[PDB]
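Visitor: Dumping the structure here so I can ask a few things about it.
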Number of protein chains: 2
Amino acid sequence: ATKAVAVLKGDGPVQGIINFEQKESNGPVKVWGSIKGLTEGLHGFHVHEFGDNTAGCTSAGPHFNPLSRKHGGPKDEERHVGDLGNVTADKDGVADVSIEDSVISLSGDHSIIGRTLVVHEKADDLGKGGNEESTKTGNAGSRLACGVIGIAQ
Amino acid sequence: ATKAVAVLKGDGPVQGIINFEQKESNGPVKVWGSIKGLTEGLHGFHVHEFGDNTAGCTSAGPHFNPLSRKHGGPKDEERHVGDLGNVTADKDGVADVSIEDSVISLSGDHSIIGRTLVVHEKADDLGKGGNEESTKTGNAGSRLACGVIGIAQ
Ligand SMILES: [Zn+2]
Ligand SMILES: [Zn+2]
């Protein structure tokens, strides 16, 4: 019913659009959209603490632990509330994503409205890769585009 | 006592970052922050209805007229219930923003919490200078970085 709007912008050809389709205000959300200006294969994809992403990296570090676990989800079980999978792109420069989930809803100033999403440079491990750091971020690499989430209904 | 953090990007190294603080939910508010990557001189800046700003015009056009008004304010008697005037940048490529207003506040999805903003690479004409487009947008002459409004509380 109520669609939210996440607008990620990097640099020229780099963007990330995601709509969040929610039917009331605390129930589960159907999520989809296109992250373009990528190279083919997987790219890490996380909802951070806050909507600050303006002091560059001096803002969103790794992805928020509000439930007190590691990075994960599409292969790991524990998973941050700040993790909506990874965006796997084609050679036409785009990852067009499709998801449905019951760990967030369009609720207040702290859920996924007023919040930040990050898209990463490379593929995400989603748990414990080959190193310590992979438990923090997924080892997904640097960030390109950044964006904030507001209401589109 | 909720502080915001909007993130505009897209025109490569151009960003538009604006903050706010809410002293009481119904009072006036000081906006602050910086728009950087700009040439020196004036640049128009507008909050719109919704946080909807993904691809461009299909995700919102001009700054909405809920009272069915013209644009303007700092030289005009109208002003939309969701717009501001213009900024100016110094030759480091940056506009300082440190402005007051007594009609926006951080309260509800349609206020500045939950909303969108775009800044413009030319001056704004505020309701009327020359043409139709003065009374419509604000004659703002060009786009630049666009974004959704974020919260750090
Ligand atoms: Zn994570
Ligand atoms: Zn206006």
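Following the order of the structure tokens, chains are lettered A, B, ..., residues in each are numbered from 1, and ligands are numbered from 1.
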Once chain B sits on chain A after a least-squares Cα superposition, all atoms in order, what's the RMSD?

Guide: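 RMSD over all C-alpha atoms: 1.3 Å.
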
Visitor: Extract, using only C-alpha atoms, all DNA, RNA and protein residues at most 9 Å from range 42-55 of chain A, discarding same-chain residues fewer than 6 positions from it, and format them as number ranges by chain.

Guide: A: 61-66, 80-89, 95, 109-110, 112-126, 137-141, 146-149; B: 4-8, 15-18, 149-153

Visitor: Could you turn the residues from that selection into a file that holds C-alpha atoms, as a PDB file, in the first residue's frame?

Guide:
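Saved the output as part_22.pdb:
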```pdb
ATOM      1  CA  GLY A  61      30.945   2.796   9.582  1.00  0.00           C
ATOM      2  CA  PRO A  62      29.810  -0.907   9.428  1.00  0.00           C
ATOM      3  CA  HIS A  63      26.095  -1.797   9.596  1.00  0.00           C
ATOM      4  CA  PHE A  64      24.154  -1.290  12.877  1.00  0.00           C
ATOM      5  CA  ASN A  65      23.765  -4.186  15.390  1.00  0.00           C
ATOM      6  CA  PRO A  66      20.340  -3.276  17.072  1.00  0.00           C
ATOM      7  CA  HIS A  80      21.947  -7.577  11.092  1.00  0.00           C
ATOM      8  CA  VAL A  81      18.511  -5.814  10.882  1.00  0.00           C
ATOM      9  CA  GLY A  82      20.646  -3.498   8.672  1.00  0.00           C
ATOM     10  CA  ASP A  83      21.068  -6.207   5.926  1.00  0.00           C
ATOM     11  CA  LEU A  84      18.698  -6.492   2.883  1.00  0.00           C
ATOM     12  CA  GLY A  85      20.731  -9.085   0.938  1.00  0.00           C
ATOM     13  CA  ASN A  86      23.277  -8.257  -1.776  1.00  0.00           C
ATOM     14  CA  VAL A  87      22.605  -6.687  -5.241  1.00  0.00           C
ATOM     15  CA  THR A  88      23.970  -8.891  -8.059  1.00  0.00           C
ATOM     16  CA  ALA A  89      24.384  -6.944 -11.317  1.00  0.00           C
ATOM     17  CA  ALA A  95      21.306  -5.285 -10.322  1.00  0.00           C
ATOM     18  CA  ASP A 109      12.037   7.666  12.865  1.00  0.00           C
ATOM     19  CA  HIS A 110      14.183   4.543  13.485  1.00  0.00           C
ATOM     20  CA  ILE A 112      13.570   2.131   7.524  1.00  0.00           C
ATOM     21  CA  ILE A 113      12.219   5.720   7.237  1.00  0.00           C
ATOM     22  CA  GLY A 114      14.853   8.426   8.028  1.00  0.00           C
ATOM     23  CA  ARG A 115      17.563   5.750   7.521  1.00  0.00           C
ATOM     24  CA  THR A 116      20.642   5.219   5.210  1.00  0.00           C
ATOM     25  CA  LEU A 117      21.413   2.443   2.686  1.00  0.00           C
ATOM     26  CA  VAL A 118      24.937   1.644   1.374  1.00  0.00           C
ATOM     27  CA  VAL A 119      25.977  -0.214  -1.804  1.00  0.00           C
ATOM     28  CA  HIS A 120      29.477  -1.769  -1.827  1.00  0.00           C
ATOM     29  CA  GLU A 121      32.346  -2.134  -4.392  1.00  0.00           C
ATOM     30  CA  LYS A 122      32.549  -6.027  -4.554  1.00  0.00           C
ATOM     31  CA  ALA A 123      30.740  -9.293  -3.651  1.00  0.00           C
ATOM     32  CA  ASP A 124      29.643  -9.878  -0.025  1.00  0.00           C
ATOM     33  CA  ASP A 125      30.550 -13.007   2.011  1.00  0.00           C
ATOM     34  CA  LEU A 126      27.430 -12.663   4.282  1.00  0.00           C
ATOM     35  CA  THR A 137      30.823  -5.707   6.909  1.00  0.00           C
ATOM     36  CA  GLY A 138      30.732  -8.934   4.857  1.00  0.00           C
ATOM     37  CA  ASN A 139      34.115  -7.932   3.355  1.00  0.00           C
ATOM     38  CA  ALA A 140      31.957  -6.456   0.567  1.00  0.00           C
ATOM     39  CA  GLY A 141      34.642  -3.727  -0.165  1.00  0.00           C
ATOM     40  CA  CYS A 146      24.906   6.417  -0.749  1.00  0.00           C
ATOM     41  CA  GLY A 147      21.249   7.309  -0.091  1.00  0.00           C
ATOM     42  CA  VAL A 148      18.571   8.023   2.519  1.00  0.00           C
ATOM     43  CA  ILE A 149      14.973   6.615   2.880  1.00  0.00           C
TER      44      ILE A 149
ATOM     45  CA  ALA B   4      18.438  15.737  10.720  1.00  0.00           C
ATOM     46  CA  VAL B   5      21.023  15.080   7.945  1.00  0.00           C
ATOM     47  CA  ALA B   6      19.871  15.208   4.269  1.00  0.00           C
ATOM     48  CA  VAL B   7      22.122  13.626   1.580  1.00  0.00           C
ATOM     49  CA  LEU B   8      21.914  14.897  -2.003  1.00  0.00           C
ATOM     50  CA  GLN B  15      26.620  17.056  -2.824  1.00  0.00           C
ATOM     51  CA  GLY B  16      23.951  18.880  -0.881  1.00  0.00           C
ATOM     52  CA  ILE B  17      24.004  18.223   2.834  1.00  0.00           C
ATOM     53  CA  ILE B  18      21.611  20.047   5.147  1.00  0.00           C
ATOM     54  CA  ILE B 149      16.026  13.877   4.170  1.00  0.00           C
ATOM     55  CA  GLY B 150      17.795  11.676   6.852  1.00  0.00           C
ATOM     56  CA  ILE B 151      17.795  11.563  10.691  1.00  0.00           C
ATOM     57  CA  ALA B 152      20.550  11.120  13.313  1.00  0.00           C
ATOM     58  CA  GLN B 153      18.188  12.276  16.171  1.00  0.00           C
TER      59      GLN B 153
END
```

Visitor: Can you list, as an NGL selection string, all residues belonging to chain B that DSSP tags as strand (DSSP E or B)?

Guide: :B and (3-10 or 15-21 or 29-36 or 41-48 or 86-90 or 94-97 or 100-101 or 116-119 or 146-148 or 151)

Visitor: Measure the distance from CA of residue 107 in chain B to CA of residue 1 in chain A in Å and round it to one decimal.

Guide: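 Separation of CA of residue 107 in chain B and CA of residue 1 in chain A: 22.1 Å.
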
Visitor: Could you tell me which of B:72, B:12, B:127, B:93 comes closest to chain A if we count only C-alpha atoms?

Guide: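 Between B:72, B:12, B:127, B:93, the residue approaching chain A most closely is B:12.
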
Visitor: Would you list the contacts of residue 25 in chain A as a list in words, taking every protein, DNA or RNA residue within 9 Å and counting only C-alpha atoms, but skipping same-chain residues closer than 5 positions in sequence?

Guide: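 In the requested format, the answer is residues 2, 105, 106 and 107 of chain A.
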
Visitor: Next, dump the selected residues to file, keeping only N, CA, C and O atoms, as a PDB file, in the first residue's frame.

Guide:
```
ATOM      1  N   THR A   2       1.435   1.611   1.152  1.00  0.00           N
ATOM      2  CA  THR A   2       2.383   2.706   1.305  1.00  0.00           C
ATOM      3  C   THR A   2       3.716   2.222   0.782  1.00  0.00           C
ATOM      4  O   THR A   2       4.295   1.258   1.277  1.00  0.00           O
ATOM      5  N   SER A 105       9.710  -2.658   9.180  1.00  0.00           N
ATOM      6  CA  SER A 105       8.454  -2.106   8.646  1.00  0.00           C
ATOM      7  C   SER A 105       8.494  -0.572   8.653  1.00  0.00           C
ATOM      8  O   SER A 105       9.354   0.004   9.320  1.00  0.00           O
ATOM      9  N   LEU A 106       7.615   0.127   7.928  1.00  0.00           N
ATOM     10  CA  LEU A 106       7.679   1.586   7.714  1.00  0.00           C
ATOM     11  C   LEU A 106       7.179   2.351   8.962  1.00  0.00           C
ATOM     12  O   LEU A 106       6.154   3.026   8.944  1.00  0.00           O
ATOM     13  N   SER A 107       7.929   2.236  10.054  1.00  0.00           N
ATOM     14  CA  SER A 107       7.534   2.647  11.404  1.00  0.00           C
ATOM     15  C   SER A 107       8.472   3.679  12.047  1.00  0.00           C
ATOM     16  O   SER A 107       9.558   3.362  12.540  1.00  0.00           O
TER      17      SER A 107
END
```

Visitor: Looking at B:92, B:132, B:11, B:78, which one is nearest to ligand 2, with distances taken over only C-alpha atoms and all ligand atoms?

Guide: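 Of all the options, B:78 lies closest to ligand 2.
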
Visitor: My list of candidates is A:57, A:38, A:145, A:103. Which is closest to chain B when distances are computed with only C-alpha atoms?

Guide: A:145
